[PDB]
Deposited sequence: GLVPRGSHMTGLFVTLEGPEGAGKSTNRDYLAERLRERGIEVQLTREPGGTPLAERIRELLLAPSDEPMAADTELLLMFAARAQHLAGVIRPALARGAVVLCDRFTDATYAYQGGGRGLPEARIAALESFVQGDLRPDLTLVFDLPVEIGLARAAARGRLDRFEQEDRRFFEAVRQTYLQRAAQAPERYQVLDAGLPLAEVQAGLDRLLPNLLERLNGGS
C-alpha cells in the first residue's frame, strides 16, 4: 500500500483535493482509504472531540501533544496499518507533520520530545508522500488561534518539507483550484509508480 498524508490549514482546499486524488486512483482500480487525524476510529474521534472543544479550563500544551499521539496510536493500529497491509492507498488528512507544526511550532514544545513520541508510537513507519498545502496566513480550539500561531504552523511545514525533500511535495494552495489539481495530475505518475 502507500501512505499519503495531506497537511495544511483549513480553507486551503485540502478536502476537495483529497477527493480528487482518491477518484484518480480509484478509476485506475487502486483501493483507497480516506481518513483524518486526530480521529479515524470511534475512540480516536472521541479524543478529537476533547482536542477541539473549547473550554473555560485551558489545556496544557503537554496534554494537547499527548492526546494527539494517543489518537495516532489508536488510528495506526485500527486503520492505517490494516489498510496498508491490504495494499490500499491511505489518504490521511493530517499526521505527525501537523504535530511538529501545531504543537512544536505553534505551542513551542521541543522537536526532540515530538521525535521521541513519533518513534515510540510509529516505529519506523513514516508517510511515503506528504502533500503540503501552502497558503499565506462556534470556533474550535485551533480556529481560535491567532495569526502568529498560524504563521508558525505554516513555516514549520515548509521547514520540514525542505529537510526531507524526497518525501514531500509543496503545493501553492493560494492558486486557483484547477491549478492545484493540475499539480496533483502531474504528481500522479510517480505515485502510481511508488
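Taking the first deposited residue as 1, the stretches without any C-alpha atom are 1-10, 148-158, 216-220.
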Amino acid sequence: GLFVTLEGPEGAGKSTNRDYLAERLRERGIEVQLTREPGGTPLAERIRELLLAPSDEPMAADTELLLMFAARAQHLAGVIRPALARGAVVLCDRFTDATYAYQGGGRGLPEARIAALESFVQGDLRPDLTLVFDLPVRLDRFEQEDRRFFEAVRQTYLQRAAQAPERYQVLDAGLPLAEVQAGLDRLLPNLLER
From here on, numbers count along this sequence of modelled residues.
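So that the term is clear: the rigid core is the largest set of C-alpha atoms that superpose within 1.5 Å between two forms.
In a rigid core superposition of the other structures in 6 other deposited structures of this protein, 53-61 and 37-45 differ in how far their CA atoms stray, and the farther one is 53-61.
Looking at the other PDB entries for this protein, residue 174 is present in the model in all of those that include the residues around it, rather than absent from a third. Where the other entries of this protein model the residues before and after it, residue 183 is kept in all of them rather than dropped from a third.
Checked against the record, the higher mean CA B factor of 67-75 and 85-93 lies with 85-93. Here 150-158 and 22-30 are compared by their mean Cα B-factor, and 22-30 comes out higher.
The PDB entry assigns its highest CA temperature factor, among 128, 37, 166, 56, to 56. Per the PDB entry, 137 shows the highest C-alpha temperature factor of the residues 132, 44, 137, 51. Looking at the C-alpha B-factors along this chain, the one for residue 2 belongs to the middle third.
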